[PDB]
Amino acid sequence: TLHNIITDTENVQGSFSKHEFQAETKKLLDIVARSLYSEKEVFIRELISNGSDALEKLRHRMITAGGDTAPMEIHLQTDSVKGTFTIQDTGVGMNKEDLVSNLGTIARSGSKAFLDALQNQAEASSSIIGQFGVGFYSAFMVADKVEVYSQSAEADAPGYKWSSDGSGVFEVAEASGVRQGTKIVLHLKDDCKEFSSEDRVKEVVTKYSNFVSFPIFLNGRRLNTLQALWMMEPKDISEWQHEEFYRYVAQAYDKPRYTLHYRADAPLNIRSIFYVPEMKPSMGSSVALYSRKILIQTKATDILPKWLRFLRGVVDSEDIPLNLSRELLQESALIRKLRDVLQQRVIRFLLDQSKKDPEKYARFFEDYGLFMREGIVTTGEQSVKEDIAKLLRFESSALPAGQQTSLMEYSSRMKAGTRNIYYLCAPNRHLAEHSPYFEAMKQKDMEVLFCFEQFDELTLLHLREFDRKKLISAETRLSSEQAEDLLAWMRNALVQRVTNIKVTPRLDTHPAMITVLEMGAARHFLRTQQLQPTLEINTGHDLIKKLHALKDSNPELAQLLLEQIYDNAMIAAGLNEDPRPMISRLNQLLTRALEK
């Protein structure tokens, strides 16, 4: 039942023509000026990156041809009356040829050609921003008219003025007295007047350009007072520096409980700092992606797994393949490898923390454990599930209350014969301990992990196996007649509440206790509060004898006592942490009990 029209029927007739690809220059200028970026305001990032590069080139040239130490800076000036934005740098400048060539040719990048000719070890290799040779045109998105004044450091070259409205044509004339470097004046469009506002420009500078190497001045005032901490040697950074830097990058007010300062060169140049905040859950609300100190993404997308989104901080890579918009990354095996690498690194880091300070790590796991569980559930690589699962903490049968263990430790206590991992996911200890399913493998000496946390169950279900070992849920006085009179009677006043009633000798201080056979039911019971309980009675307890003796004497009163015993055992089993519904009834019981 196929329908295909694609058939190999074409044959070349005659001789071929040769052509070269062309460009619709005027339309391309418009696309490059207006259609590259998600935001107009990005022309400021672009113009500042250009000033930086101009300064970096001058710095590079002074290594050999030492000149006059002139200060290396980027000045911005707003004029809210005229509607102008002006930026000036004291860098390398541009003679007439270079203005014509660099500014007049779409995609021509003098910075890229400069980079290509460097020693790979030159400091400038890693800090020159420009590649594509189009960022300058972003100015035309916000300006009706652009004027560029430039003076090169040269053979007494004259200064020049370059000017365009941005519609296919530009003009060049000689000028004086242009200071060494480059001044750019934007005459802002009516709908872009906000960029002649000081406060608005400041917002943009701090967003994208806050860690630019060279001093930025706005109307004569210094902005970028913050050092790119990630580019520094880990041991030259004090804890107070991290605390301040964390607060800044995470927009937080507390301190990091964990700090990881990760540096490496393969698969990419990476300089990074990750923080785990002190404060628990529930814009600066994730790890930012930088490149050569310029923000790429406020919220980095492709470099960390989703389960690590609770990390704050910064990743900077010099050689990460940038999308043309410079707010996205290109699809790349190197970026994928980076994510895998970072995932392993953070895992290793958190593991080391568990050893160094287990108590502190326990606090961490209580607050952030949900992310590990999420990671294990949502990832498809079995090897990855098992790496994240090393971070997991549980409780155990062969261990005291409150004390925690990992799967590896459990794995270390398994007799070399049997090779599978038994767990019981339950609301609490009392419920887990008194599980008939657990009582089975209590006699059969067999350690069982008690998993009390939310989503512990499907975490292990989605985990399936660990350490090539299998995880399987462990779910596969008063005479004797006086008691039976009582049990027959209690079984009637709670017909609509409990499936089963028993007697047990294992009770001491308690008149009764509640047990459950299905942990999944108790959870369904625990979350459903806008079950088949099985209470057991202590025939030696006073309240129970007092009950038996009372059902005949004060039938009304004896049922107050009964429901109290039931509710109390319910509370002991942690199946009723909000006993507000019982209080009035209890106050009635107490009162009737006290005809003293």
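In case it trips you up, residue 1 is the first one in the sequence shown, and so on. If you superpose the two forms and keep the largest set of C-alpha atoms that fall within 1.5 Å, you have the rigid core.
Visitor: Just give me the stretch that moves more in 5 other deposited structures of this protein: 84-92 or 329-337, judged by RMS C-alpha distance after a core fit.
Guide: Per-stretch check in 5 other deposited structures of this protein: the more divergent one is 329-337.
Visitor: Overlaying the structures in 5 other deposited structures of this protein on the rigid core, point out which of 304-312 and 480-488 has the bigger RMS C-alpha shift.
Guide: If we average over structures and residues in 5 other deposited structures of this protein, the farther stretch is 480-488.
Visitor: Using a one-third cut-off over the other compared PDB entries, is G284 one of the residues left without coordinates?
Guide: yes, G284 frequently unmodelled elsewhere, at least a third of entries.
Visitor: Establish whether the other compared PDB entries of this protein leave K442 unmodelled at least a third of the time.
Guide: That residue is missing from at least a third of the other compared entries.
Visitor: Unmodelled deposited residues between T64 and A65: none, 1 to 3, 4 to 9, or 10 or more?
Guide: Missing in between: none.
Visitor: Does the deposited sequence hold unmodelled residues between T476 and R477, and if so, how many: none, 1 to 3, 4 to 9, or 10 or more?
Guide: Gap size class: 10 or more residues without coordinates, per the record.
Visitor: I need to verify one thing: averaged over C-alpha atoms only, is the B-factor higher for 421-429 or for 114-122?
Guide: Here the higher of the two C-alpha B-factor means belongs to 421-429.
Visitor: Which is higher in the entry, the mean Cα B factor of 206-214 or that of 172-180?
Guide: In the deposited entry, the stretch with the higher C-alpha B-factor mean is 172-180.
Visitor: Determine which member of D456, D199, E447, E366 has the highest CA B-factor, using the values in the deposited entry.
Guide: The record points to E447.
Visitor: Take the CA temperature factors straight from the PDB entry and tell me which of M72, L399, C192, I320 peaks.
Guide: Going by the entry's C-alpha B-factors, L399 comes out highest.
Visitor: Divide the modelled residues of the chain into thirds by Cα B-factor and specify which third, lowest, middle or highest, holds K26.
Guide: Middle third.
Visitor: Using only modelled residues of the chain, where does the Cα B factor of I237 rank: lowest third, middle third or highest third?
Guide: As the PDB entry reports it, the C-alpha B-factor of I237 lands in the middle third of its chain.
Visitor: Can you tell me whether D567 has a C-alpha B-factor in the lowest, middle or highest third compared with the other modelled residues of the same chain?
Guide: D567: CA B-factor falls in the middle third of its chain.
Visitor: Going by what the PDB entry lists, where does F310 fall on CA B-factor within its chain: lowest, middle or highest third?
Guide: According to the entry, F310 has a C-alpha B-factor in the chain's lowest third.
Visitor: Can you work out whether the C-alpha temperature factor of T78 puts it in the lowest, middle or highest third of the chain?
Guide: As the PDB entry reports it, the C-alpha B-factor of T78 lands in the lowest third of its chain.
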